[PDB]
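Structure assessment
In case you want the letters, here they are:
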Protein chains: 2
Amino acid sequence: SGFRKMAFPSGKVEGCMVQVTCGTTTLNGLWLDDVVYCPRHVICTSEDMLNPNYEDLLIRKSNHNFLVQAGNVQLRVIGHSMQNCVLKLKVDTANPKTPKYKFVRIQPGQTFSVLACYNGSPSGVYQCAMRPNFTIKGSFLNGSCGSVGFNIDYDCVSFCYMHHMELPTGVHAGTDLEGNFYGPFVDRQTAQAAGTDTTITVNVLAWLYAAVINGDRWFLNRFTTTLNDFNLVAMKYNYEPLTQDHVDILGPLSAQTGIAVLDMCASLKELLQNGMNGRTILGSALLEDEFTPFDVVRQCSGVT
Amino acid sequence: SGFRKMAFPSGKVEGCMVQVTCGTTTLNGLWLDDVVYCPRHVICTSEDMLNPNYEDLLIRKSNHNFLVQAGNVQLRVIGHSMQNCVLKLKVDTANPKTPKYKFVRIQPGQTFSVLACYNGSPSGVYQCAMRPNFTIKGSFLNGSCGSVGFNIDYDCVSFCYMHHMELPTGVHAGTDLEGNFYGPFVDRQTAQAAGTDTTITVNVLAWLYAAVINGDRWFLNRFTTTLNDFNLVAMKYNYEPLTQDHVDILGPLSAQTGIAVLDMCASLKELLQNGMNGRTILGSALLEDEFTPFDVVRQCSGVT
Ligand SMILES: Cc1ccncc1NC(=O)Cc1cc(Cl)cc(NCC(C)(C)C#N)c1
Ligand SMILES: Cc1ccncc1NC(=O)Cc1cc(Cl)cc(NCC(C)(C)C#N)c1
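Residues numbered from 1 in each chain as written, not as in the entry; some residues may be left out. Chains lettered and ligands numbered in written order. Heavy atoms only, no water.

What the deposited record gives as its method is X-ray crystallography, and the resolution it gives is 1.381 Å.

For chain A, the name recorded in the PDB entry is 3C-like proteinase, with Severe acute respiratory syndrome coronavirus 2 as its organism. Here the entry title, as the record gives it, is "Group deposition SARS-CoV-2 main protease in complex with inhibitors from the COVID Moonshot -- Crystal Structure of SARS-CoV-2 main protease in complex with MAT-POS-044491d2-7 (Mpro-x12300)".

Describing the overall build of chain A
Across its full length, chain A carries 8 helices and 13 strands. A compact globule built from 304 residues should have a C-alpha radius of gyration of about 19 Å, and chain A, at 21 Å, falls within 12% of that. Along the first, second and third principal axes, the C-alpha atoms of chain A reach 70 × 40 × 30 Å. Sequence-distant contacts, at least 24 apart, represent 64% of the contacts inside chain A between residues at least 6 apart. (Helix = DSSP H or I, 4+ residues; strand = E, 2+ residues; numbered from the N terminus. Rg over C-alpha atoms; globule rule 2.2 N^0.38 Å. Contact = heavy atoms within 4.5 Å.)

Focus: the sheet that holds strand 5 (residues 73-75) of chain A
Residue and element names in this part refer to chain A. The strand order 5-4-1-2-3-7-6 describes an open sheet built from 7 strands, whose pairing is antiparallel. Looking at the sheet topology across the chains shown, the edges are occupied by strand 5 and strand 6 (77-83). Direction aside, neighbouring strands of the sheet carry axes that sit 30° apart on average. Where strand 4 (residues 66-70) and strand 5 come together, 3 bridges link them in antiparallel fashion. If you follow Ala 70 over to strand 5, its bridge partner there is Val 73. (Pairing = 2+ DSSP bridges. Axes fitted to C-alpha atoms, helices over the stretch in contact; angles between N-to-C directions.)

Re the environment of A:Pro122
Position of A:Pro122 relative to the elements: it lies in strand 10 (residues 121-129). With 108 residues separating them along the chain, A:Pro122 and A:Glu14 place their C-alpha atoms 6.6 Å apart. For A:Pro122, the contacting residues outside a window of four places in its chain are A:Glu14, A:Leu115, A:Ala116, A:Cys117, B:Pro9 and B:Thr304.

Description of the site of ligand 1
Residue and element names in this part refer to chain A. Not every one of the 14 residues close to ligand 1 is listed here, only the nearest: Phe 140, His 163, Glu 166, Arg 188 and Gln 189. Between ligand 1 and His 163, the relevant distance is 2.8 Å, taken from a nitrogen atom to a side-chain nitrogen or oxygen of the residue. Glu 166 places a main-chain nitrogen or oxygen 3.0 Å from an oxygen atom of ligand 1. Of the residues assigned to the shell around ligand 1, the class counts are 5 nonpolar, 7 polar and 2 charged. (Near = heavy atom within 4 Å. Polar contact = N/O pair within 3.5 Å; in protein donor to acceptor, adjacent residues only side chain to side chain. Nonpolar A, V, L, I, M, F, W, Y, C, P; charged D, E, K, R; others polar.)

With respect to the environment of B:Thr196
Residues and elements named next belong to chain B. Within the secondary structure, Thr 196 sits in the loop between strand 13 (172-175) and helix 3 (201-213). For the pair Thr 196 and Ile 43, spaced 153 residues apart in sequence, the C-alpha to C-alpha distance is 32 Å. Other than its neighbours up to four places away in sequence, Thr 196 contacts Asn 133 and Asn 238.

What about the relation of the copies chain B and chain A?
Taken as rigid bodies, chain B and chain A are interconverted by a rotation of 180° and an axial shift of 0.0 Å, the fit giving an RMSD of 0.0 Å. Viewed as a symmetry operation, the transformation between the two copies matches a two-fold axis. Relative to the rotation axis, the C-alpha of B:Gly11 is the closest in chain B, positioned 1.8 Å from it. (Least-squares fit on C-alpha atoms.)

Section: the site of ligand 2
Residue and element names in this part refer to chain B. Around ligand 2, the structure places 14 residues, and the nearest of them are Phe 140, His 163, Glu 166, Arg 188 and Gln 189. The backbone of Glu 166 places a nitrogen or oxygen atom 3.0 Å from an oxygen atom of ligand 2. Contact with the protein chains hides 72% of the accessible area of ligand 2, taken as 540 Å² for the molecule alone. Across the shell around ligand 2, the residue classes break down as 5 nonpolar, 7 polar and 2 charged. For the shell around ligand 2, the two domains that each supply at least three residues are domain 1 (1-14 + 100-197) and domain 2 (15-99). (Areas by Shrake-Rupley, 256 points an atom, 1.4 Å probe, with all protein chains shown as cover. Domains from an automatic or database assignment.)

Some words on helix 8 (residues 293-301) of chain B
Residue and element names in this part refer to chain B. The set of residues buried in helix 8 consists of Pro 293, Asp 295, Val 296, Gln 299 and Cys 300. Seen along its axis, helix 8 keeps its buried residues to an arc of 160°; they face one direction. Against the buried residues of helix 8 lie strand 9 (111-118), strand 10 (121-129), helix 3, helix 5 (244-249) and helix 6 (251-257). Among the residues trailing helix 8, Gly 302 stands out with phi positive, at a value near 70°. (Buried < 20%, exposed > 50% of the residue type's maximum accessible area, 1.4 Å probe, protein only. Arc of directions from axis to C-beta.)

Examining the side chain of A:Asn28
Tracing the backbone shows A:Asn28 in strand 2 (residues 25-32). In terms of polar contacts, A:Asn28 uses its side chain to reach the backbone carbonyl oxygen of A:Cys145, at 2.9 Å.

A closer look at the nonpolar core
Counting 40 residues, the largest nonpolar core has A:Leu30, A:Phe159, B:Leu30 and B:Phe159 as its most contacted members. Sequence-distant contacts of B:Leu30, that is, excluding residues within four places in its chain, are made with B:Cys16, B:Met17, B:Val18, B:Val35, B:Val36, B:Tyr37, B:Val148, B:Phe159, B:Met162 and B:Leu177. (Core = buried A, V, L, I, M, F, W, Y, C linked by side-chain atoms within 4.5 Å.)

Rendered as C-alpha cells:
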C-alpha cells in the first residue's frame, strides 16, 4: 500500500541523452538510431529569439556547425534537417543503447515522466501531466531544453514531449517528437499567455479511487449524482467536464472498489463544495489531478 | 523555474536489480560486484514470518536454494551469509553494470529516491524521506521487498535503504545495506506501532526558500522570531525542533534569497498559526517537508 507520484524508471532514456551545441548555444538532444533530435532554437543566439526566421538562420549552418557529444565522445554529423520546431541531426553512428521506441502525441490530461537534463547529462526525473491549456508545470532551468517526456509500456518507450521553453508566467511549453508544439505556443520571445488551467476531473476521480484502495476513505459520502448535475458543479469549480468516455475509463477502478463512478462524482462534488476542512487525502490537502486512471491501475498492481 | 518532487535518474540502479527466489518466496536483490544483497526474509514462508528464527531457518538452505536471475539469465550462487537482516549471496560473476557505490546510513529528515521493483524488474521511481519516526511513506506492494533507496553524487551511488516490510498501519520499514533496520522495527509479523511522525522543519524552511526563488512569495511576512520562540510554536504543531546546525545548513538559501533564516521561521510560524486560508505554495496546500536544503540547492542549480 501507499501511493506516490511515481515516474517511469529513466535508464532507457538516459542512454539516449546527448549534448548539442551550435555556436554559443548548448542544449540537450535525444539520440535514437542514427538521428539526434533537438529544439531548433539551438541555432539561435539570445538576440535571435526576439524575432527568429528559422529557415534563414538555418541556411547559415552546416553539418559541422552542430556539435554532438554523447558522454565524452563526439558524434559525426552527416546531415541536418528541420521538421516543424525540431532539428534532426543525422549522425554516422547508431545509438547502441537505442531502446524500442515510438513517437506519440498525447492529449491534455495525460501524464508522462520527464528526464530533466543539462549538457546532455541527467539531473532528475519527475512525473507531470499535459495541462488542459497545453502547458506543463515542470522544473526546468536554462539549458534544460531538449529534455524529454515519455511513457514506457514494458520495453517500449513512447516519447511524447521535448522541452522548448518557459513562458513569461513560469510554466512550460514544448513539442511532440515531430516538432509540433502542444497548444498555440511558438518558439519566439513574444507575448504568449496561457489559457485556463482547469483541473483534470477524470484524474481526480482516479486518485480518489487510489485513496479508497489505500484506505483513505473519510470523504466517501452517502450521495450519488448524474453526469449533468456533476458537470454543473465541475464547471463552477474550473474542473474539466466529465464525459461518458471518462466514466468508462474509470470502470476498472469502480469494479475494484465497488464504488459506482457517479457515487465517487458525488463525493468529489461534496469535497468541492465543502472543502477539505483541514483534512488530507493520500497526504494531500488539495485534490490531485496528475494521476490518470491507467496510472492508478498500474501503480496499484505493480506493473514492471 | 518550477519546483518538482524530483528523483535521481534511476539507470545506474536499474542495472543492479535482480530477482532472488528461495523456495516459494521471490523478491528483489541488489547485485553489486559479485554480491547480491536481499532481505533475509526471502528464506521464510508466510507461516515462518509469525515467529522466525532466521539462524535456524537459514541452516536448512544451501547456495543452490537461492535462485538469482539477472534479466533472463541465472547467476551461480557460490556463497551465502546473513548480515543483520540482509542476506549476501556471493555469485560467480561480477555485475558488469556495477556503478561506483557506497553504503550509507541516513538520518531522519534525509531524502532519497526509491526504485520500486517486482521480480527483479523496475516499476517506478519516486522520492521520499526517512521520517523522524524511522518509517518511510512509500508505494510498495507484496514482492517489492529488496527494492532500494539511494542518492547520487555525480557518478557515485550511495545506497541507503532496502525495503523489508509494511507495518500494520500501512507505512514502510527497512534497513540500510548492512542489514540494520531504521528505527526499532523487526522483520517479524508482530505488533509494531510507529512513533509520532513529526514534520521535518528544516526541510519545510528549505521548501519555503524554493517557493521564494520560484516566485511564490505571498506568505512572507513583516516579522522575525528567535530559535527559542519558533521552537515553542514548532513543538505545539508537532514540528521537529530547529537547531543552530539547521540554521547553518540553510545559510546558502538565506544568502541566495536575502531572507534571514529567522525571518523565514517567522513566516512559517504565521503559516502554522493562521493556516493557508485556501492558498497554495508551489502548488501545495500543505507545507512540504520532503525536500532537504541540499535538494533545493541541487534542483534550483541544475546539478547533473
Ligand atoms: C530559461 C529557461 C527556463 C526553463 N525552461 C527553458 C528555458 N529556456 C528557454 O525558455 C529558451 C528560450 C526561449 C526564448 Cl523565447 C528566449 C530565450 N532567451 C535566452 C535567455 C535570455 C537566456 C533566456 N531565457 C530562451
Ligand atoms: C505486503 C507488502 C506490502 C508492502 N511492502 C512490503 C510487503 N511485504 C512485507 O511486508 C513482507 C512481509 C512481512 C511480514 Cl512481517 C509478514 C509477511 N507475510 C506474508 C503476507 C501474508 C503475504 C503478507 N503481507 C510479509
